[PDB]
Structures are given as structure tokens and as C-alpha cells.
Amino acid sequence: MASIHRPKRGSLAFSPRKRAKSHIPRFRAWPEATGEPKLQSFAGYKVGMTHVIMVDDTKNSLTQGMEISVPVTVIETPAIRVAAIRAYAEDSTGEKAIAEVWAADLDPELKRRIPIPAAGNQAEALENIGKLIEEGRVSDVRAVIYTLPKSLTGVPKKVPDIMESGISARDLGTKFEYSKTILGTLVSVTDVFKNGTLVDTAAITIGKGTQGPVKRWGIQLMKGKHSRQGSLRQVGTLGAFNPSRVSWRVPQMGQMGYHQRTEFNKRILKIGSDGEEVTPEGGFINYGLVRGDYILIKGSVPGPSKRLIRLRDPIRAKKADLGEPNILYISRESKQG
Amino acid sequence: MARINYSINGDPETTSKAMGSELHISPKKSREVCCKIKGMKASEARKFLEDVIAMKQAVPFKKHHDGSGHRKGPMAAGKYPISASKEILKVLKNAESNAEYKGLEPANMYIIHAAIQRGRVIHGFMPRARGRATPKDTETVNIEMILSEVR
Amino acid sequence: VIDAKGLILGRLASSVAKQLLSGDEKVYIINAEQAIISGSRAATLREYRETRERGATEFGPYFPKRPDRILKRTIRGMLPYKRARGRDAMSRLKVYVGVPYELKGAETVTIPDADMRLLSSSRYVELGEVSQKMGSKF
RNA sequence: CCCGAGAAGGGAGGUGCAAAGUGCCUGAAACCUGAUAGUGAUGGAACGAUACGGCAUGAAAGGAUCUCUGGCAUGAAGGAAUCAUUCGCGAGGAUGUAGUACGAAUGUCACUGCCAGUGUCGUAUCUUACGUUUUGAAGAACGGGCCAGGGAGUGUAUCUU
RNA sequence: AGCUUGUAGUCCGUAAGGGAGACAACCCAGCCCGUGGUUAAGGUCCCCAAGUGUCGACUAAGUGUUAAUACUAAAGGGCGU
RNA sequence: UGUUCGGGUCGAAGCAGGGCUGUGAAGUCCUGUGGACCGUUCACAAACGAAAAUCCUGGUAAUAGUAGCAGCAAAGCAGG
RNA sequence: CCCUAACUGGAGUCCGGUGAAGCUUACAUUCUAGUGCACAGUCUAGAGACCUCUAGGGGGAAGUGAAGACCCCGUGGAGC
RNA sequence: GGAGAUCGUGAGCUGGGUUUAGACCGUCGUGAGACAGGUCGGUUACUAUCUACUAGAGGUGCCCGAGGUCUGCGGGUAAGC
């Protein structure tokens with residue numbers, strides 16, 4: 001038999017396609033430190049999409065210098081609290097948590113997530129971590145941070161979300177000093193990301209529940225006469241006669257969406273403080289209006305509205321210093337029109 | 001057709017017995033309900049049965065799980081056997097009355113025995129395709145219940 | 001506590017397996033990355049990448065990557081590990097890359113007949129080299 | 001008499017040597033419900049046989065110089081250890097110790113209160129069911145879901161032995 | 001041709017048990033029951049009872065680690081050793 | 001069946017489980033249940049022994065609280 | 001059809017009631033290779049495998065339905 | 001590009017071909033009838049027991065009791081061509 005070839009339906013790069021074990025994306029890698037100390041990640045909540053008219057500043061592009069309409073995602077980004085500093089020791093079996101110091105004073109609504117750590121050992125915990133770093137038991141340092149969604153109104157929840165973030169510094173001592181400076185403080189998104197820079201966005205995608213292989217993997221439907229013989233939206237064959245089994249690579253029904261996904265190289269087009277600049281007439285549908293500080297991300301982002309979106313400094317960015325975008329018009333017309 | 005001996009015989013002094021005689025209910029569902037309610041106090045068993053009949057409380061189905069979805073809370077497969085619960089509650093009422101007649105105190109007694117027994121089947125028929133008639137039977141269940149005032 | 005540095009992999013495994021089946025001791029093996037496999041580097045790497053990428057690794061053989069876990073697998077192949085005896089033997093065995101901190105400074109032993117200087121040539125590679133060429137971080 | 005809507009049924013209480021309680025003598029198995037013994041959510045499959053253990057049972061019908069644990073005597077085949085001398089390149093061999101100590105078992109004397117058996121589980125070795133068709137059956141060859149009962153070389157005549 | 005058809009011997013068929021990974025017919029062996037010992041075939045690094053046995057060489061190819069068997073690749077070449 | 005010698009309401013046959021004997025076909029005994037019949041010597045007969053026949057008759061499982069109770073045809077709701 | 005999307009009613013899914021049938025020697029959480037009547041979940045050696053439940057399409061069980069209607073054979077038939 | 005997966009894949013589909021019963025043409029045969037010749041027409045059964053997979057749950061094991069944040073033994077990927 002002389003066969004016609006096709007690329008495989010869907011990607012096996014995301015198998016098993018199960019539901020994410022948490023509603024928060026977890027970062028498995030952190031990029032290289034390339035400058036002054038700072039947090040490598042922030043976290044906001046997706047609001048919705050709008051579009052801007054901007055001058056194409058992208059070097060070498062055909063439309064560079066002319067007016068272009070660019071879709072943007074609005075992400076409401078209230079200040080996060082640096083709740084703790086955690087130290088990690090590297091050994092043959094990998095990284096292990098070795099020490100943690102919690103900030104002396106923490107927000108009372110953190111009790112919705114965890115019983116509040118007391119204002120106990122912070123000075124001696126920090127000196128213990130300093131001794132550990134001096135004696136070489138510490139491989140690196142991360143900052144445990146959490147969001148404060150109570151200030152938002154389109155997100156109904158008041159329980160904070162907690163996550164670890166890397167610190168970008170040239171040396172472990174510099175990392176420890178910066179973490180001590182930022183410990184217990186409220187960091188704004190301008191203290192993590194700058195306008196016009198590329199970032200990576202992680203989020204839990206839109207949940208679709210249980211979906212068939214046609215929607216879930218993009219398999220072809222039965223065609224022509226076969227379309228009305230009783231197996232229309234349904235895979236042609238589960239396998240060969242031998243091997244006597246259904247491969248895991250055969251497209252099948254199952255959970256669709258509500259997965260963790262990372263998008264790369266999303267450009268920040270605006271860091272705003274007043275949500276009236278971006279909120280349309282009538283508000284964002286099912287969300288409301290922006291009230292705190294916000295961010296405009298060029299293009300689309302994984303997740304629906306109100307989903308927690310984690311932003312991190314780019315890990316596979318190609319282009320060098322991009323610049324500050326020239327946003328000439330932010331559309332606030334009614335999205336419900 | 002006739003009366004039935006009990007699988008277990010508790011001592012007459014501190015124990016009351018009752019028998020639901022060939023109820024036209026589901027033996028599988030009644031077995032699950034009996035397994036759930038065995039060992040409880042009579043009052044708490046009554047409250048549980050009332051919750052089941054009111055749909056506020058599912059009974060786990062560990063032996064006859066097929067056809068049952070999972071229920072909210074710390075539970076696997078479970079159902080709401082309304083007819084079985086009603087019949088078992090009638091039998092429980094009979095047993096509590098018998099205890100009161102003996103002079104025992106049902107408020108302090110426990111369901112120590114709660115079993116089903118398949119009885120004689122009434123044989124009906126289900127006309128099928130192509131001239132075939134297959135069975136459809138009336139299964140009957142005897143419910144043996146033994147409460148005791150000690151454990 | 002056996003130091004696997006400069007020891008033939010199969011001969012050390014046979015010795016430790018027979019000791020475990022004699023069944024009066026817990027055996028610890030340290031520096032599993034420093035064990036020796038005789039034969040040409042190309043041939044050893046070829047056979048080990050074949051074994052690593054062989055099976056139905058979604059639902060088939062799962063050949064380990066760390067050198068200590070590979071040595072544990074090699075000893076497992078010389079045991080009745082499906083039996084209760086072999087299960088106890090494998091439960092009484094611990095293998096380490098380098099020296100674990102708790103065993104640090106403990107008195108070690110070496111198998112004289114497993115020593116690598118009894119080999120007649122230089123055609124050998126280390127288990128750590130095999131593991132890191134298969135992509136194990138240790 | 002009590003419960004129960006009840007001319008159902010159940011409980012309690014009676015009758016009778018015995019409930020044998022009306023399709024009711026006896027009342028097996030399959031099947032189903034519950035209890036008890038063993039095991040059990042890291043585990044490998046003809047579901048067993050053999051040996052040895054854990055747990056349970058071991059009233060009758062089984063053992064009481066019987067069971068346990070030792071001593072002593074005799075002990076077939078077989079038969080060391082250790083050491084001395086010698087040979088061999090060596091691993092080892094030969095001679096003596098030594099046909100000795102031991103040794104299946106057969107007797108005898110103490111000690112002991114269990115043992116046999118039964119159920120289940122575990123460790124070790126072995127075994128891919130049964131009947132049939134087949135040169136070849138665990139077969140991806142045919143037959144049986146299970147249990148109970150029924151189910152197949154008989155008589156007349158004649159010939160031979 | 002694990003094809004078909006002869007012949008001599010021996011087997012399976014109807015042949016246990018032990019050993020070859022398993023193996024109708026390949027090796028020991030024909031086998032009443034129980035106990036003890038010593039052997040056969042085969043094996044003695046572990047799985048697995050007993051050698052990480054001895055002597056003298058070869059092989060660098062994981063070649064090989066495969067009595068018989070249809071279950072084991074040839075001609076040709078090699079200043080490989 | 002003939003014949004010899006017996007057992008049984010102070011509990012026969014049968015049934016469930018167990019002990020002992022016998023290589024075994026099987027026999028015997030114990031406990032419970034059961035309520036009236038049952039064996040034994042030497043012989044003689046047979047409608048005399050079942051695990052199998054897509055065996056027959058009866059009973060009863062897994063499948064399984066599963067399929068079905070959806071084209072008929074807008075199918076009911078309120079109050080009493 | 002390129003290339004599928006949304007929506008409507010009935011099923012399905014979940015709940016109450018009612019309630020069958022068909023495959024079944026046994027066991028069974030398997031996968032690879034070999035062996036074997038040369039097409040193995042059970043043999044051999046490895047590799048895996050914590051159990052239970054729900055939904056889902058049918059890879060496999062040389063799945064089930066059925067003493068192959070093709071071929072041959074039978075000193076078996078029928079019609080022409 | 002070619003090939004293997006029971007010439008992979010009908011308890012997934014199709015039914016055009018071949019392989020039933022009807023009929024025509026040509027050629028054989030006295031005939032019934034025949035043709036690895038042509039032509040027109042010609043029913044594609046099953047509610048999934050086990051296993052495998054895809055997903056979602058309840059347990060038990062691990063475990064001071066609970067919660068949170070992590071690591072990564074491993075598995076997958078075309079972390080694009």
C-alpha cells in the first residue's frame with residue numbers, strides 16, 4: 001500500500017492533558033540574572049481585551065513607522081506583598097528548602113489561605129540564613145510573594161494567591177541583601193517589569209470540560225457518505241490489529257482546557273495607574289471596571305477574564321532592547337456594542 | 001407464603017425483633033441500606049432514613065455500584081433508595097413497638113442485625129422482538145431487624 | 001558501606017547481591033558514579049543508550065538515569081526481586097552518588113576482586129560518564 | 001394483647017411428643033443474605049501436591065512409653081574433621097589418624113503435655129485444567145455458566161468356543 | 001522446505017523423574033512406597049546448590065557468553081593480532 | 001430374591017460436618033438434625049455406579065439494578 | 001467537500017420508580033520477546049503493576065451470534 | 001520515496017470489485033447448464049463481561065494532626081519543520 005502521510009493530530013508535548021493540579025501556574029525555570037537585583041516575576045488578574053492604535057516601532061518591519069491597530073490584553077496588577085524569603089540548598093539529589101523567614105507583619109486576609117505566621121523569629125532567622133550562606137549551605141534564594149485581590153472588584157475573591165519568585169542578582173550575597181531589603185514590603189509592577197519589554201505569561205487556560213477528540217485534538221470528521229453512517233465526530237480507528245492495545249498517542253476524549261500554558265515574548269505596551277484610561281463605557285463584560293494599576297500586554301494571553309496570570313522576565317527572548325511603545329489611542333468604546 | 005426463621009437470634013430479655021415480610025422492593029438497594037444502618041441507634045437510624053427519603057443524605061453503594069454516580073462529600077458511589085428506606089423504616093417502627101411492648105427502651109437501643117433475604121419470586125413476562133418473551137420477575141425481600149439494648 | 005570507586009560494576013553487584021542474600025546486613029554503596037564498566041566507550045555508550053531508549057517507555061521498561069539508581073538496577077537484575085527475599089534484599093540496599101552527609105567519615109570497605117586495576121587494558125568508562133551522556137544531573 | 005391503613009404482615013403469647021403453621025414430612029446443592037476463622041488496597045494467575053512455619057481450632061468419634069526434649073546401647077549403606085609425612089608447577093592428591101567420631105534405624109531410660117487432624121495465609125520446589133479429535137492439545141481446535149436428578153452392550157433365534 | 005516418499009536402529013505415540021529458559025520424541029534415566037547416602041546428564045559470578053578453581057595461551061570484536069536440533073549468514077578480503 | 005443372624009421411638013433411612021480403617025472402589029463410627037424403618041451370612045439376579053454427549057428436565061447465577069420504559073404528536077400547570 | 005462552527009427537539013450524561021436478555025471450565029492488573037499444532041493475559045526469561053469506582057470510543061480477548069453456504073470427501077440425497 | 005503492522009485498520013466506515021439467488025450478449029454443449037469473458041441489479045447483525053487506553057473521582061499506604069510553598073526519581077514533546 002502506498003500511503004498518504006499527514007502530520008499527527010495535535011501535540012504530544014502536553015501529555016497527559018489533565019486538569020492542572022492548582023489554579024495558579026508554577027514556574028519550573030528562572031532566567032539568568034543580568035543586572036541590578038529585582039524580582040523576576042509578578043502576578044496579576046486578566047481583565048479582558050481591547051485594542052490600541054500605535055506607531056510601529058518594531059525595527060526592520062515593513063509597517064514600521066506607520067499607524068497599526070494592535071490588540072492588547074488588560075491585566076489588573078495590584079501591588080504584591082513579599083511575604084517570605086526561602087533559601088535553597090543544592091546537592092546531588094537536587095534543590096531542597098533549607099530555611100524560610102516570614103515577614104513580621106502580614107495582611108490579615110492571608111488567613112483565608114493559611115494560618116498566619118506569628119511575629120516570632122525574623123532577626124535571628126535572617127542571621128541564621130546569613131550564617132548558612134557564609135558556610136556555603138545555601139545554593140540560592142527565592143522570594144515567596146502573594147497577591148492582594150481584595151482591592152479588585154471584578155475578581156470576587158479576597159483570599160490571596162501565594163507563589164515563589166526568583167531574584168535576579170549577580171551573586172548570592174547580593175540576592176540575600178536585596179531579599180532582606182524587599183522582605184515584608186509591597187512591590188508594584190513597575191518594580192518588576194518596565195514598559196516596552198518582553199515577558200512570558202503563564203496561566204490556566206479556558207476550561208471546556210470533557211471534549212471529544214474532534215475538538216480536543218482537531219481530528220478530521222467523517223466525510224461524504226461516512227458523515228451520516230453513525231460515527232461523525234468520532235475517530236476512525238483506535239489502533240492496528242497488532243500491537244493489541246490502544247496507544248496513548250491516539251486522540252481521544254478527555255479534559256480540555258484548564259491546563260497550564262506558557263506564552264513567550266508578549267510585549268508590555270503600557271504600565272498604567274488609573275483604570276479609567278482603559279475601562280470602556282459600560283465596563284468590561286462580567287468583570288466591571290479597572291480601579292487599580294494595570295498593564296497592557298501586546299497580543300493574547302492564556303486564561304479567561306479574572307484568571308490569575310503570572311508574568312515573568314523572558315526566558316527565550318530573541319530581540320534586544322525594544323523601546324517604549326508609542327500608544328496613540330486606547331479604545332474605550334463599549335465592548336458590549 | 002409463610003413465616004421465616006431468623007439468621008440471628010438475640011436474647012429475648014434485652015432484644016427486640018421484627019420482620020418485613022416479602023416487600024416488593026429492590027434487594028440490592030435494601031442490602032445497601034441495611035449495611036449503612038446496621039449498628040446505629042434506632043433514633044439516629046430513623047433520622048438518617050428521614051434524610052434519605054428527603055434527599056438530604058445519600059447511602060453509599062459499595063456492593064452494587066454500577067449505575068450510581070459519585071456523591072458530594074467524603075463518599076464514593078451513592079444513591080437515595082426511597083422505597084427501600086420507607087420499607088425499612090416501617091420495619092423499624094414495628095421493631096421499636098415490639099421493644100416497647102416487651103418493656104425495653106428504644107431510645108437506648110441499637111440496630112445490631114439488619115439483613116435482607118430474597119423470597120419467592122413472582123414470575124412475569126416481557127414480550128420481546130421476534131416472538132420472544134423473556135422474564136420480568138417480582139422479587140420479594142424479607143427484612144430481618146434485631147435491636148438490642150446492649151452491645 | 002562499600003566504596004564503589006574503581007570497582008567493576010558487575011562484580012561489585014554480584015558480591016553485594018550475594019551478601020544481601022546471605023541476609024545479615026544493610027549495605028550502603030557510595031560513589032556509584034565512580035564505578036567502572038570495562039569495554040570500549042563507544043560500545044558501552046551504544047548499549048546503554050539502547051537500553052535507555054528501548055522500551056515502551058510510556059508503558060514499558062523504565063531504565064533509570066542517575067548512576068546510583070543505575071547501579072541499584074544492576075544489583076536488582078541479580079536478585080529475586082519479585083520474591084519476598086529479593087524484596088527485603090533491595091530494601092536493605094542504599095546507593096549514593098558520592099558520599100551522603102550522614103555516612104560522611106564512616107569506615108568504608110572495598111572488594112579486592114572487584115578492583116579495576118586487575119583489568120588488562122584501558123578500554124573502560126565510568127558509570128558517571130554513562131549517566132551524564134544519557135542526560136542525568138548528579 | 002401490642003404495632004401496623006390493614007380481614008396483609010410482624011412481635012408477644014399459645015396448641016402439639018415434635019411447628020410439622022395449610023403448595024405444611026424429610027428439606028441436599030447451585031444461588032443469595034449475615035456471622036465467625038484466616039488473609040488483605042507493593043500484588044502474578046490451573047486455584048493443587050510435597051516440606052517447613054504464623055494464626056485459629058483440636059468436646060465426641062484419633063494417640064497416653066502417645067507427644068515434646070534429652071541420655072545410654074547396638075547400628076546397614078556411607079563416612080568425616082583436625083593434625084603428621086610425602087607427591088604435584090598449581091588448584092589439590094596419596095598414606096596414617098580412621099573404616100574411627102558419626103550415621104537410616106532398632107531397643108532402652110528419663111523428661112514433657114501436647115500431638116495427630118482440620119481451616120486459612122506465608123516461604124521453598126514442581127505443575128500451562130479436564131474429556132475429546134489428533135503424529136502432535138494449555139491452545140488462537142471442539143464441549144461444558146453453575147448445581148440436582150435422568151442418561152448408553154439389552155432380549156429371541158442360531159453357530160462357535 | 002518444520003516438503004514428499006523409502007530404509008536400519010531408537011524413541012514419542014503410550015514414558016515418569018533429573019537437566020538443557022521453556023522443548024512429544026535432544027542428554028541421564030525407564031518409575032512400587034518411606035528414609036539415609038553416593039552418583040549420571042548438566043553445572044559451580046548472582047538470579048540458582050556448588051569455584052570470582054588451577055595451569056598454558058588466544059580474543060578487543062560485548063565477538064562470544066547457542067551439544068543435536070532447521071532455533072546458528074556466505075563468497076571474497078584484512079601490512080588486526 | 002432365597003436363606004442365616006440381627007438393629008430401631010432409650011430414635012431407622014436420609015441429610016451437614018467431622019474421627020478411624022482400607023492402596024482404593026468404599027466401609028464403619030461421632031456430633032447435630034430427622035421421626036419409621038433398616039441391615040447381615042452364603043448365594044442369585046438386574047431398568048446396577050456419570051464430569052462431559054452445542055446431552056435432557058427442573059432450579060438458579062454473573063451479566064445488573066445494566067439495556068429498555070425517547071420517532072407516536074406541543075404530552076402539562078395552578079387551586080380544591 | 002476545502003473545514004468545520006453555532007443552535008433546536010429527542011436520547012445519552014445525573015436523580016426517583018420499574019426492570020430483562022445474549023458470550024461464561026477456571027483464574028485473571030498486564031506489556032515485550034521466545035517457545036509451543038509454526039497467530040500466548042496463564043508456558044519460559046525479562047519489564048511493569050497500590051486498590052476501588054465513574055464516563056468514553058472500540059485496539060485485543062485469533063470477542064459474541066452459527067455443527068462454513070467456498071473447496072474436497074460420503075460407493076449420503078434432491079431436482080433437472 | 002518505498003515497505004511492515006492478520007497483504008494494520010468492516011464489535012470504525014464504505015460497498016465500487018470479487019464470491020449467491022434474476023436477466024442479457026458472445027463462445028461451448030443435443031440438452032440441463034458452463035465460462036480465472038463482458039454487462040445491468042443485488043440485506044454489511046450485537047446493550048462491552050475481561051483487558052488496554054483516554055480523562056475524572058473515592059480510598060488505603062507513606063505520615064506527630066492540619067495547611068501552605070517547593071524539589072524532581074521519572075514520563076512526554078517536532079519545547080517546531
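Once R0 is set to 56 Å, what does the formula 1/(1 + (r/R0)^6) return for the Cβ-Cβ distance between A:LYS96 and B:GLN117, expressed as a FRET efficiency to the nearest 0.05?
Values: r = 61 Å, r/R0 = 1.08.
Calculated value: 0.40.
Along each principal axis of its Cα atoms, how long is chain A end to end? Whole angstroms, biggest number first, please.
Cα spread of chain A along its principal axes, largest to smallest: 76, 54, 43 Å.
Cross-link partners among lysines for A:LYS21, C-alpha distance below 17 Å, same-chain residues fewer than 8 apart left out?
Answer for A:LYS21, where 17 Å is the Cα cut-off: A:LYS208, listed by chain and number.
At 222 nm, what value in deg cm²/dmol follows for the protein assembly as shown if DSSP H runs of at least 4 each add -39500 (n - 2.57) and the sum is divided by all its residues, to the nearest 500?
Values: 11 runs with 126 residues, N = 626.
Rounded to the nearest 500, it is -6000 deg cm²/dmol.
What is the local net charge at B:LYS93, summed over the other residues whose Cβ is closer than 14 Å to its Cβ (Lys, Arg +1; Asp, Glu -1)? Intermediate values should be presented prior to the final figure.
Details: positive: B:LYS17, B:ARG46, B:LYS47, B:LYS86, B:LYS90; negative: B:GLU50, B:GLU87, B:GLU96, B:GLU100.
Surrounding charge for B:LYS93 is +1.
Over all distinct alpha-carbon pairs, what is the Kirkwood Rh of the stretch A:1-149 in angstrom? Intermediate results must be reported in sequence, preceding the final value.
Values: mean 1/r = 0.0483 Å⁻¹.
Evaluated on the stretch A:1-149, it is 20.7 Å.
Which values of log₁₀ I(q)/I(0), to two decimal places, follow from the Debye formula for the stretch A:172-214 at q = 0.14 Å⁻¹ with a uniform point scatterer at every Cα?
Values returned for q = 0.14 Å⁻¹ are -0.63.
Hey, any idea what Rg/Rh is for the protein assembly as shown, computing Rh the Kirkwood way over Cα pairs?
On the way: Rg = 34.9 Å, Rh = 32.4 Å.
Checking Rg against Rh, the ratio lands at 1.08.
Listing B:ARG31, C:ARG73 from the residue with the fewest other Cβ atoms within 10 Å to the one with the most, what is the order?
Details: B:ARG31 21, C:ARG73 16.
Least to most surrounded, the residues fall as C:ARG73, B:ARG31.
When the label point is put 7 Å from the Cα of A:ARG233 along its Cα-to-beta-carbon vector, which residues of the stretch A:258-273 have a backbone N closer than 20 Å?
The answer is A:258.
Would you mind ranking A:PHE176, B:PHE48 so that the residue whose beta carbon has the fewest other beta carbons within 10 Å leads the list? Write out the running numbers ahead of the final one.
On the way: A:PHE176 23, B:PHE48 19.
Placing the least packed residue first, the sequence is B:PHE48, A:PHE176.
Considering the stretch A:223-337, what Rg and Dmax in Å follow from its alpha-carbon atoms?
Considering the stretch A:223-337 through its Cα atoms, Rg and Dmax are 22.7, 64 Å.
So for chain B, Kirkwood radius off the Cα pairs, Stokes-Einstein at 10 °C and 1.306 mPa s: how many µm² s⁻¹?
Values: Rh = 16.5 Å.
Result for D is 96 µm²/s.
Don't worry about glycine lacking a Cβ; one is built from the backbone with ideal geometry, like all the others, and counts go over all protein chains shown. Only the coordinates and a few stated rules stand behind these numbers; no lab work does.
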